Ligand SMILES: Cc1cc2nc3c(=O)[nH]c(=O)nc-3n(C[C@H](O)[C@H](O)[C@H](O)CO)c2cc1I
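This document opens with one chain alone, in structure tokens, the form deposited without the named molecule.
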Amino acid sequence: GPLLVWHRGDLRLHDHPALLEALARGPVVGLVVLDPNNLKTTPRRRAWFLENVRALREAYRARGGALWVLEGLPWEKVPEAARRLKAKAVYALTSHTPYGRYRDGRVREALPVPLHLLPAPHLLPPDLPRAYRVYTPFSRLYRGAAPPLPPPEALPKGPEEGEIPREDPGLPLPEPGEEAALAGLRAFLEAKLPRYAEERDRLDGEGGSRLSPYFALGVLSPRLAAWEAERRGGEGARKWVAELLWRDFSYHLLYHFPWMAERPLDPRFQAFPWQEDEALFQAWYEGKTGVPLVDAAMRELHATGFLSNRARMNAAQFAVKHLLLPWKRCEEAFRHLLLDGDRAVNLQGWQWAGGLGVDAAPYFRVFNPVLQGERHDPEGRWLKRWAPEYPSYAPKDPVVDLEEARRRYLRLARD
């Protein structure tokens, strides 16, 4: 009987502990389950997921292996596949998310054979004993990347079942799959890594790898990426790996402070006067605030599904501080428009840029919509491509008075 390798947010063959753990014991058959709990989202994210699943199957086929794709509830579909294949056991990577744990417990209950969960590759585990709310102390535990596991050269033959639906993303998607992701990593490392420290703040984010969409679905292992960068070494590598750590820090936070998905890490903001005005929300959501920066950011987001880190922190803070729009609603809408939309990461990003308790970031730090745009964008070429209308980062009829909205926040914040 074969061993089933169940892929979730790990659509890759490189550095995959569950895949090798099973392969070492005997023939394997891969499996992906299209779960309504994950697929019932915006078209752009559903398609991104589906296309990477299609790419995984091709990767299995190219090696002579078999990848099944079933649709439905994991606790019904995994056992079904196990029965049909007469599998001896099921192997997967551990998931520490609320849904992940609920789902896997249900599957374990329905499964008549063992379900073996292995640690997913990380730079720093999220379930670390000590709980840190600040990044620096957390990052000090990192002692370099462990070596990544190799991909199999060829795969044992087996039967293939299931069809992979085709969805209209409603926009241009990056090239799906591990091969594409690996080529991107190489390029970035050979060309951009060297100056990353000096180019990682551009508003158009072209100094970065643009690999987040792949990381989000596990198409690329963070351990492999870090290991590669560290082989290059230098200031660039040090700083870039530090960013990868931020991703792990994000999972660490949500793991130790689950309640932060509900309320700010910083208790003194549990009762901030969030003014839920449906009119302002659309203005922000649509990028019609009048502020060149925020507007161009939200317009690129709606069109591309991607946005640089610098752009995200502005657009995110503007909504929280300059408009006092509640974060809960804003972070959800934000996540849904992102190809790399990751619950834990997006949440820490908002509770950080929003001065809500992450990394003890101070509330008094308030971005200046125009300065930011001139200090992080040359001939305003970025603003030109996404908001041609605006002559410059000059507030041409703001939906609120910037200077006022600022003092308004600072005022409220001091309590």
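Under this definition, the rigid core comprises the largest set of C-alpha atoms superposing within 1.5 Å between the forms. For every residue, the number given is its place in the sequence shown, counted from 1.
Between 243-251 and 230-238, greater CA displacement relative to the shown form is found for 230-238 when the structures in 4 other deposited structures of this protein are fitted on the core. For the two regions 376-384 and 354-362, the entry's Cα B-factors average higher over 376-384. The PDB entry reports B-factors from which the mean C-alpha value can be compared for 343-351 and 22-30; the larger average falls on 343-351. By the numbers in the PDB entry, the CA B factor is greatest at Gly287 among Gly287, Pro174, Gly305, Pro121.
Set against one another, the Cα B-factors of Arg268, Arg106, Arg238, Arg223 in the record reach their highest point at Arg268. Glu228: CA B factor in the middle third of modelled residues in this chain (values from the PDB entry). Annotation for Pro43: CA B-factor lies in the middle third of the chain's modelled residues.
Remark: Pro112 belongs to the middle third of its chain, ranked by C-alpha B-factor as recorded.
Ranked against the other modelled residues of its chain, the C-alpha B-factor of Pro150 as given in the entry falls in the lowest third. In this PDB entry, the Cα temperature factor of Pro194 sits in the top third of its chain's modelled residues, the highest group.
If you look for the form deposited with the named molecule bound, you will not find it shown, but the lines that follow are about it.
Among residues of the shown chain, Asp35 is one whose heavy atoms approach the named molecule to within 4.5 Å in the bound PDB entry. Contact annotation for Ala62: none of its heavy atoms lies within 4.5 Å of the named molecule in the bound PDB entry. Contact check for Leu85: no non-hydrogen atom falls within 4.5 Å of the named molecule in the bound PDB entry. The closest non-hydrogen atom of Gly9 lies within 4.5 Å of the named molecule in the bound PDB entry. For the three residues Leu39, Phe49 and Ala216, a heavy atom within 4.5 Å of the named molecule turns up in the bound PDB entry in every case. The chain is drawn here without the named molecule; in the bound PDB entry, the stretch among 22-30, 54-62, 39-47, 383-391 whose residues come within 4.5 Å of it by any heavy atom is 39-47. This chain is displayed alone, yet in the bound PDB entry one of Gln282, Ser139, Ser95, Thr304 has a heavy atom within 4.5 Å of the named molecule; that residue is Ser95. Interface residue among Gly236, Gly341, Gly158, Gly287 relative to the named molecule in the bound PDB entry, by the heavy atom within 4.5 Å criterion: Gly341.
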